[PDB]
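Everything on this sheet refers to the single structure shown next.
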Amino acid sequence: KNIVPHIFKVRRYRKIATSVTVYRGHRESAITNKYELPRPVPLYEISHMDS
Amino acid sequence: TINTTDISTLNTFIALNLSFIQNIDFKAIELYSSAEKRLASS
């Protein structure tokens with residue numbers, strides 16, 4: 001009885017939104033990073049993007 | 001006068017032609033190769 005797991009390939013799409021807020025005092029660096037929310041893609045436009 | 005060896009001699013042996021037991025070496029065997037074992041880690 002074979003035990004080799006089935007293997008194949010896959011393609012994944014993601015949408016990420018992030019913001020940088022660093023000007024504390026006069027000007028600062030890396031004061032606060034945003035939530036960096038990753039989101040799916042709208043399929044239809046994504047398919048057009050994929051196409 | 002002659003030698004006794006020249007005279008034919010009969011023998012009565014029901015030949016107990018035995019047959020002993022040979023010796024075999026049991027080779028160690030296995031089913032699933034270590035490569036497959038690693039591939040099954042997933």
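Ordering of the structure tokens sets the chain letters (A, B, ...), residue numbers begin anew at 1 in every chain, and ligands are numbered from 1 in the order given.
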Could you please select, counting only C-alpha atoms, the residues of chain B within 7 Å of chain A and state them as number ranges by chain? B: 36, 39-40
What does the file look like for those residues with C-alpha atoms, as a short mmCIF file (atom, residue, chain, number, x, y, z; two decimals), in the first residue's frame?
data_model
loop_
_atom_site.label_atom_id
_atom_site.label_comp_id
_atom_site.auth_asym_id
_atom_site.auth_seq_id
_atom_site.Cartn_x
_atom_site.Cartn_y
_atom_site.Cartn_z
CA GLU B 36 9.64 7.29 1.84
CA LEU B 39 8.38 11.86 2.47
CA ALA B 40 5.62 10.69 4.86
#
Could you give me, as a PyMOL selection string, each residue of chain B that DSSP assigns to alpha helix (DSSP H) when run on this structure's backbone? chain B and resi 34-39
Which neighbours of residue 18 of chain A fall inside 7 Å, counting only C-alpha atoms, when residues of the same chain fewer than 5 positions from it are skipped, and could you give them as a CSV table (one decimal) with N, CA and C atoms, in the first residue's frame?
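Wrote it out as part04.csv, contents follow:
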chain,number,residue,atom,x,y,z
A,34,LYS,N,1.1,50.4,10.6
A,34,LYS,CA,-0.4,50.2,10.5
A,34,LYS,C,-0.7,48.7,10.7
A,35,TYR,N,-2.0,48.4,10.6
A,35,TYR,CA,-2.4,47.0,10.9
A,35,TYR,C,-1.8,46.0,9.8
A,36,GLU,N,-1.5,46.5,8.6
A,36,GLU,CA,-1.0,45.7,7.5
A,36,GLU,C,-2.0,44.5,7.2
A,37,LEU,N,-3.2,44.9,6.9
A,37,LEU,CA,-4.3,43.9,6.7
A,37,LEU,C,-4.1,43.2,5.4
Run DSSP on the backbone of this structure and report the residues of chain A it assigns to strand (DSSP E or B), as a PDB file with C-alpha atoms, in the first residue's frame.
ATOM      1  CA  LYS A  15      -4.039  41.915  -1.285  1.00  0.00           C
ATOM      2  CA  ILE A  16      -2.115  43.760   1.433  1.00  0.00           C
ATOM      3  CA  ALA A  17      -2.728  47.299   2.695  1.00  0.00           C
ATOM      4  CA  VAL A  20       3.445  54.323   7.842  1.00  0.00           C
ATOM      5  CA  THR A  21       2.910  57.030  10.487  1.00  0.00           C
ATOM      6  CA  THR A  32       3.820  53.407  14.409  1.00  0.00           C
ATOM      7  CA  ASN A  33       3.181  50.785  11.729  1.00  0.00           C
ATOM      8  CA  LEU A  37      -4.257  43.919   6.692  1.00  0.00           C
ATOM      9  CA  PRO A  38      -3.965  41.136   4.085  1.00  0.00           C
ATOM     10  CA  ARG A  39      -7.105  40.658   1.987  1.00  0.00           C
TER      11      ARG A  39
END
